[PDB]
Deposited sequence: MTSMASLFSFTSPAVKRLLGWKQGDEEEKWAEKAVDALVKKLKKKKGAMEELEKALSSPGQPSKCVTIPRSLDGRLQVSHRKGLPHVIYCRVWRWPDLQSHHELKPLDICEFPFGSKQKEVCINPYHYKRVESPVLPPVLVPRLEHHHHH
């Protein structure tokens, strides 16, 4: 209940972290990994995963988009448009490209590239 506020158009992201924290409060020690990672981009951070839809897309308060794009745009670049502006760092084990069963929504595992 207060985890959402601490992790935090504003009312749409609020609905998005909400969608997220519900998935993370269920995973083991998962909320903890994320709270630390919002603090330091340079400090090492563990992967925080959510399940992957067949589509790839995640729908949040009736808007539908890719998960790492969503949570980056909540926590880093609010002007972020599409996944092309994103690229995964070398740190991350479950990037969106990976097509693996889970997908990392830790916002600092990706850098923004304006092509």
Which runs of the deposited chain sequence never show up in the coordinates? 1-11, 20-26, 134-150
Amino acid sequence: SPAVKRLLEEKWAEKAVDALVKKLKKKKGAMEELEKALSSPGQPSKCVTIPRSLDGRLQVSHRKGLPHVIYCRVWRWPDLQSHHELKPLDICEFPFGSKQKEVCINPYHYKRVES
From here on, numbers count along this sequence of modelled residues.
Mean C-alpha B factor from the entry: is it higher for 54-62 or for 33-41? 33-41
Of 42-50 vs 68-76, the stretch with the larger average CA B-factor in the entry is 42-50
In terms of CA temperature factor as recorded, identify the highest of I91, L20, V103, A13. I91
